[PDB]
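Same chain, two versions here, written out as structure tokens and called structure 1 and structure 2.
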Structure 1
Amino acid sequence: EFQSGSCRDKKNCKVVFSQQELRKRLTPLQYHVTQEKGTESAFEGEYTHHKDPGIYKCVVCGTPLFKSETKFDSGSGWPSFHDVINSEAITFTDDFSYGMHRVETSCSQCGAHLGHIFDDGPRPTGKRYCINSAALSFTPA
């Protein structure tokens, strides 16, 4: 159960940035993914096969999102995680694009589009997060 929509949809993001700042700080791909609900090409993401210990953060606002301990590589075209660093970090939206229903995931502080979540992950959580590398930055442990 969840109220559907990003904090941009709900008009209540805690963190905001000017477009001038966003355009000069983000690459065009990072901007398109996080600001226009884009998806990075499969197998081209910088963090798809990254295994270093550390924390993945929102590329836009720097809020921590995922711990390296929860990352796994099984052959998906994009980074995959078992769990979010804490329940407050991500917001959910019902997504009906491409002729299917998915649950889209966004940063709860600035509203950046991140990826999608699926209900078929192993225990304990039962979840699997498919996340665009272009939506993340990485801080080594």
Structure 2
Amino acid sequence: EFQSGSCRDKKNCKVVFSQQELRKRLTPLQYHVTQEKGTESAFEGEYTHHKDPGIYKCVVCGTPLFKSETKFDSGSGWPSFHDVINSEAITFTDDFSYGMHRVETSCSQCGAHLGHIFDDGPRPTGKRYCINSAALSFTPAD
């Protein structure tokens, strides 16, 4: 009666890298977050206080995820966006850890763990995509 598994669990990701390639190409924190559903510490991420115009992509596979124009300061300690470039890029699953309910967000293309989505976001969506800095790469606007 709930949603579970990324495309890695289902062994049907469109993009698959070997763990060996990812160990070299990602920092230990980026690897832990995206590959082991880790969470960076509050305010650990470069992109938390970062307001330059551009596009944030999945740090693993490069799929575009978030526009700078939806980024906002949630005071939470992690990057926060009120919308996604398009929802087909995200796998939403139910997270029941710690005796609470949250919706985890993962990349639908490679399965990377990104973060969570909450209902305390600003207008116009009311959504907060709460995303690890270490799950993202940033491409500055032209």
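Basically, rigid core = biggest C-alpha set you can superpose within 1.5 Å across the two forms. By convention here, residues take numbers in order along the sequence of structure 1, the first being 1.
C-alpha of residue 24: shift of 2 angstroms or more between structures 1 and 2, rigid core aligned?
Comparing the forms between structures 1 and 2, which are aligned on their rigid core, residue 24 does not shift its C-alpha by 2 Å or more.
Between structures 1 and 2, how far the Cα of residue 87 shifts once the core is aligned, in Å:
Residue shift at the C-alpha: 1.8 Å.
Between structures 1 and 2, how far the Cα of residue 110 shifts once the core is aligned, in Å:
Here the C-alpha difference is 0.1 Å.
In Å, how large is the C-alpha displacement of residue 74 between structures 1 and 2 after the rigid core is aligned?
Value for residue 74 between structures 1 and 2: 3.1 Å of C-alpha shift.
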